[PDB]
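Chemist: Quick one: this structure, given as structure tokens, is what I'll be asking you about.
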Amino acid sequence: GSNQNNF
Ligand SMILES: [Zn+2]
């Protein structure tokens, strides 16, 4: 799967 971290 694709992953996004919005810190
Ligand atoms: Zn993945």
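Here, A, B, ... name the chains of the structure tokens in the order displayed, residue numbers run from 1 inside each chain, and ligands are numbered from 1 in the same displayed order.
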Any chance you could tabulate, as CSV, the residues of chain A at most 7 Å from ligand 1 with each one's nearest atom pair and distance in Å to one decimal, using only C-alpha atoms and all ligand atoms, in chain and rising number order?

Modeler:
residue,atom,partner,partner_atom_place_in_ligand_line,distance
A:1,CA,ligand 1,1 (Zn),2.9
A:2,CA,ligand 1,1 (Zn),4.8
A:3,CA,ligand 1,1 (Zn),6.8
